[PDB]
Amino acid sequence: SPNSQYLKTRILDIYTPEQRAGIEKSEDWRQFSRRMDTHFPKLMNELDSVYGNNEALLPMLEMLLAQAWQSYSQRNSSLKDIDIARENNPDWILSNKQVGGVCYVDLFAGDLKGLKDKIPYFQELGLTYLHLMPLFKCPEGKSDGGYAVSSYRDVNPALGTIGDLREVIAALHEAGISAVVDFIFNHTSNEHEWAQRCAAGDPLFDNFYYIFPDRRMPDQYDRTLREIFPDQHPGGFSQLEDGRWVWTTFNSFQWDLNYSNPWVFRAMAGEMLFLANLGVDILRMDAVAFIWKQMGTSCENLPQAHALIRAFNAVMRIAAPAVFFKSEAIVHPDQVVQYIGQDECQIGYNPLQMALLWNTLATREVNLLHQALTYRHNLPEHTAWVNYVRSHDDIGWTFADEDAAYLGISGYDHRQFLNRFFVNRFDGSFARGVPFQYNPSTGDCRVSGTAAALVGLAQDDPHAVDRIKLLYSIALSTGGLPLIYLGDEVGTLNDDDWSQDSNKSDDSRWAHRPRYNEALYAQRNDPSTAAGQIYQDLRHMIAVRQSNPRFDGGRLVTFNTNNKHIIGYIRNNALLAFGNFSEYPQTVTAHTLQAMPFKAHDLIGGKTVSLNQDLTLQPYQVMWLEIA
């Protein structure tokens, strides 16, 4: 395999002798050259592990490196300053100062111009990170909410223009907010130029997707494939009008890209560089688990998938150091953590904590949550979790059956209960969610519904507001970057139009993708309303988190509370957090608290608490005690 020095001499061959001499002495070339020497070894090693002696690897690599240099040369000076800043501050993602929010531009603010006008609010809330849902062109009508991309560079006209997007990004940076967008790299819409040309037989796009003549191979693959949207189609394939079959992990109009073709990697690396130069700070790597297929396997979390992501990482280390990755892997806990690393995805969603927060509200027992925080929370240096309560997606019960069995819990029976409970098919449940993708062949099912709907705010459950406060307190204090599903801070309920919308009726996730509720947002400063109670409560916690150094970093040590309903953990050996998941008062005994300081200030309620006696927490009460 080639070396950095040799490859760089070929990159410069596009220049005449006179021009070349000037490039060699330029600052941009010096920075690029240094990064190449440092990071190229990883790029080469990762690409070699995937493609091996493929005749197309070297040509593809040289084309990619040439593009990378051109991309870096074009990169704006301001962005280059951020590149250097983060190159020397790898833990910027682990700071307690960070708090993120996510929203759909159209649903939250109408269009990109309208979103820019909401920035003052984001600053008011304390956000330093903003994830904007799919912004580029997609099919009209059904597009999996923008996740079926028809173009990676042309902005959805309904939202605005590329010009508007640049203004929004610039405005976000001006307000001290990082711009986060999706990198939908596992598949494109069936209307994307690449898809059309591949299917049409254009040799330039040969093997850009996985297309078969009949069901022979698809049938073989289906023996081991998990169904993501069983309501849409069985297995992982859809049939074209001409009779052929195509790999479609998700909707039939979403065609999986073929990374076994090195030219597909190059193509996607090019799109990544485009996003990088728009000023994006973090790319949400969508459906990372599915980017490599292999007959006889689940075609999820395969070795080459991880290698390809690390190759993409190296490209950014060389051509846009400021760009970090956020892994979106909603899979088994053992597999989730494998995507997280300084050289792969620096941050990643923490579905286990999220799923268990809801599990605990249902069961009132913190056993599973305590187990996860004890054995699956701490991560390698320079990496962090993205902790959340809700997202634009359904809730999947992705806890480990092996972990549960150790606690004497049957994963299958337990999920049956959780599903019944959250869709209000269990006596006394306070949840008002709706099922998503019930699979009668496996019995699996997920839950749709907003955070407020799931805690009982729809029917005005007196404990709803407190449940919301408790869940968010944990995402905000365990260690990692907390992400607020915008709308949750004022208790937004489910959308009640989706069910009758023919373009949404078959995807219950729309139940929890409501529009900006003008009425609730206008009540955020009124302490007598649920909206104001939730807003001030969350805003207070955000304020404490960002101003108090005891929350810095992502490590934690659990504390045995000796009360099955109370979770407890310590941050930096200075902040003791207790969370009561029971709708009844619960106590931590004086005996349990003997090693703690006699007194400690509670940052939540603002009072001094005595720890030399029984400590009783009110229903769903949360305490953040300064013990150092």
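Residue indices: 1-based, along the sequence shown.
Mind pulling up the entry and telling me whether 196-204 or 279-287 has the higher mean Cα temperature factor?
If you average the C-alpha B-factors of 196-204 and of 279-287, the larger mean comes out for 196-204.
Stretch exceeding the other in mean C-alpha B-factor - 352-360, 147-155:
Averaging CA B-factors over each stretch, the winner is 147-155.
| message | Comparing recorded Cα B-factors across 433, 321, 163, 333, which one is largest? | response | Among 433, 321, 163, 333, the PDB entry lists the largest C-alpha B-factor for 163.
| query | With respect to the C-alpha temperature factors reported in the PDB entry, which of 140, 489, 182, 365 ranks highest? | reply | Across 140, 489, 182, 365, the entry lists the biggest C-alpha B-factor for 140.
Which third, lowest, middle or highest, does the CA B-factor of residue 550 fall in along this chain?
CA B-factor rank for residue 550: lowest third.
ask   = C-alpha B factor of residue 310, ranked within the chain: lowest, middle or highest third?
value = Lowest third.
Compared with the other modelled residues in the chain, in which third is the CA B-factor of residue 504? Answer is highest: the recorded C-alpha B-factor places it there.
Check your understanding: When the modelled residues of the chain are sorted by Cα temperature factor, does residue 29 land in the lowest, middle or highest third?
Key -> CA B-factor rank for residue 29: highest third.
When the modelled residues of the chain are sorted by Cα temperature factor, does residue 7 land in the lowest, middle or highest third?
Tercile = middle for this residue's CA B-factor.
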